[PDB]
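Starting from these lines, generate the structure:
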Amino acid sequence: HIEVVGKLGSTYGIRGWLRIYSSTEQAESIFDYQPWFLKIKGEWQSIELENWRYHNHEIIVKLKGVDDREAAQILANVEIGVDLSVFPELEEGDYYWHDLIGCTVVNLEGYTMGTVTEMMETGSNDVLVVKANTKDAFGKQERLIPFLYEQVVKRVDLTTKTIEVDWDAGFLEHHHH
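Numbering: from 1, shown residues only. Please find the structure below.
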């Protein structure tokens, strides 16, 4: 279950913010987990993160119940932990699918197919449900693109949240040339 991933520091400002030091393998990664757990009196106390930002090469955090210098003072130097245990076994697809939701699909011709709103499994066939852009060139509202690696879905790039596919926009679409 719970594993240490950081430590709270000195209070900043007068409204509750305080510095942070994360043991997380890289750095900002401690922010991909919720809720957080502060070890107080040798016990894990759950706590919600509200926001965070940079203050001169120094990350600073703002927690839910903390709203002032004195309330943050109490938390100085306590360990932060998160629940890294396994997630429930999915009855459909895999966790990686979740990263495709919201990506933009563009075919080999550079045409923007729209934003993928859902991965749909109908039987043994998985399909990306793409919400076409407002009034796109071929009059389609939605596209069902087979989630097939190599022949249809060429690449996924979360760096710019994009999915490249070899899928015609419409019958009359012009090709490479």
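
got the phi/psi numbers for residue 98?
When read as degrees, to the nearest 10, the backbone of residue 98 gives phi -50, psi -30.

cool, the one 10 residues further on as well?
For residue 108, the backbone dihedrals (degrees, to the nearest 10) come out as phi -60, psi -20.

Pull the helix or strand hosting residue 117 out as PDB, backbone CA atoms only.
Here residue 117 sits within strand 112-121, counting by DSSP states H and E. Extracted in PDB, the C-alpha atoms of strand 112-121 (Å, rounded to 0.1, in the frame of the first residue of the first chain):
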ATOM      1  CA  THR A 112      -7.800  16.200 -38.400                       C
ATOM      2  CA  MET A 113     -10.400  13.500 -37.800                       C
ATOM      3  CA  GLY A 114     -11.500  14.900 -34.400                       C
ATOM      4  CA  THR A 115     -11.100  14.200 -30.700                       C
ATOM      5  CA  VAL A 116     -11.400  10.600 -29.500                       C
ATOM      6  CA  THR A 117     -14.100  10.500 -26.900                       C
ATOM      7  CA  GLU A 118     -14.300   6.800 -26.100                       C
ATOM      8  CA  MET A 119     -12.800   3.400 -26.800                       C
ATOM      9  CA  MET A 120     -15.500   1.000 -27.700                       C
ATOM     10  CA  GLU A 121     -15.400  -2.700 -27.500                       C
END
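
for residue 153, which residues make a bridge with it?
Counting by DSSP bridges, residue 153 forms beta bridges with residue 149, residue 165.

Strands of this structure, start to end?
With DSSP state E, the ranges of strands along the chain come out as 2-11, 18-22, 36-40, 43-47, 49-54, 59-63, 79-83, 104-107, 112-121, 126-131, 142-146, 153-157, 162-165.

Report the buried residues of the last one.
When burial is assessed from 16 or more other Cβ atoms under 10 Å, strand 162-165 yields the following buried residues: 163-165. Where you see a C-beta, it was placed from the backbone N, CA and C, and this is true even at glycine.
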